[PDB]
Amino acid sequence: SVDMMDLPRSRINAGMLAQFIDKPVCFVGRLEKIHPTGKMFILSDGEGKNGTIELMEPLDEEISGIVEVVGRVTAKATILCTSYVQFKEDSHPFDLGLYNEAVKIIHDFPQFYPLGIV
């Protein structure tokens, strides 16, 4: 498939998933649960709403805490994950609520936080 790392990816929350079907996204949330197959997991955003993350292959490590997923929103309004990283929280807890307000700001003031070229 196309390389998503070379496209703009929109920072969204779970309430935006339905509006972003088939779009490259970046979803930051708290790990809530990993499916027994290790091929799916749930993240909750800074509003406490859940998003479902799917993988093509099983997780090869135990993830926890705040996780940032990049992928494409599927027809089901899940995210097909092409990559992810766990946010470092060993010196400061990540304020996911503040992050949510920043996501809202990004979308309300798009002229000042452009998605891709101009």
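The term rigid core refers to the most C-alpha atoms you can superpose between the two forms while keeping them within 1.5 Å. For every residue, the number given is its place in the sequence shown, counted from 1.
After a core fit, the C-alpha atoms in 5 other deposited structures of this protein lie farther on average from the shown form in one of 83-91 and 24-32, namely 83-91.
When the two stretches 39-47 and 23-31 are set side by side, the higher mean Cα temperature factor goes to 39-47. Once the C-alpha B-factors are averaged per stretch, 65-73 and 50-58 rank with 50-58 first.
In the PDB entry, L98 places in the lowest third of its chain by CA B-factor. Annotation for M16: C-alpha temperature factor in the middle third relative to the rest of the modelled chain, per the entry.
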